[PDB]
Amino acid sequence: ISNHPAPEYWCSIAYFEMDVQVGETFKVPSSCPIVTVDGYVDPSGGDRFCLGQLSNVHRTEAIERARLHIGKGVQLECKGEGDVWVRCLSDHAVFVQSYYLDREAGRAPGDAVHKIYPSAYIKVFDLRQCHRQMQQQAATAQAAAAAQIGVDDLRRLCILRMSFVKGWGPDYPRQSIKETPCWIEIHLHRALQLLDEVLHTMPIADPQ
C-alpha cells in the first residue's frame, strides 16, 4: 500500500480494567509477528504480555475473579504489512470489536460485538480496506468543506478493542467495553502511518 519504511512496532497494547488503564502500554516489535496476551505473570516483555502481573489499587473482587480466567488469553499476528489475525488460546471466549468484521457482517461501523470461540483463528483487520476507508472519509470532507469527521473519528479505523471473559454489547448487562472487568485496546502502527499521510491531505481549511 505504501513505500515508506516499516514501523518499529506493528502495534501497541493498552490493558484496561473498566474505565481505567492498568499497567503501561505494550509495544510489539515488527520483528515479532505473533504476540501473546495471557493472564499469566511473566514480566519480561518480548512476545508475551502477561496481564496477571499488572497491579491496580482500584481493582475489585469481581475483576480479580475474571482476571483468573484470562488464561493463555489470545494471540495477535501481523500477516501482510498491516493485516492482523486473532487466535483465542483461552478456555473462555473473547469479544472483539473490528470494522473489518463489522463490514464482513453487513453491519454498520461499531454496531456489533464479535464473540470469538476458543481455538478460533480469525482475521480481524485488513490494512488495504482500512487505507481505502480513510481516503473515503478524507474525500467527503474535502467536499463537505467546500460544500459549506475528525482525527479521533478516523483513528478508530486503526484501532482494535478486545474484552477477555465478560462481554458487552446489546445482549449483555454491560453496555460499553468500559464496563468489562478486563480488556485491551490495540493500535495498529502501519494503519496509523498511512493515516498520518491521509491527514495531511485533508486541507485544514476547516473553519475554527
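We number the residues from 1 along the sequence you see. Just so we're on the same page, rigid core means the largest C-alpha set that superposes within 1.5 Å between forms.
Across the superposed structures in 5 other deposited structures of this protein, aligned by the core, the stretch whose Cα atoms lie more distant on average is 133-141, chosen from 112-120 and 133-141. For the cut-off of one third of the other compared entries, residue 46 stays well clear, since all of them model it along with its flanks.
Across the other compared structures of the same protein with both neighbouring residues present, residue 150 lacks coordinates in at least a third. Where residue 55 is followed by residue 56 in the displayed chain, the model omits none of the deposited residues that would sit between the two. Averaged over Cα atoms, the B-factor as recorded in the entry is higher for 130-138 than for the other of 69-77 and 130-138. In this entry, 192-200 shows the higher mean Cα temperature factor of the pair 10-18 and 192-200.
Remark: of 62, 35, 146, 51, 146 shows the highest value [criterion: C-alpha B-factor in the PDB entry]. In this entry, the residue among 40, 183, 26, 172 with the greatest C-alpha B factor is 172.
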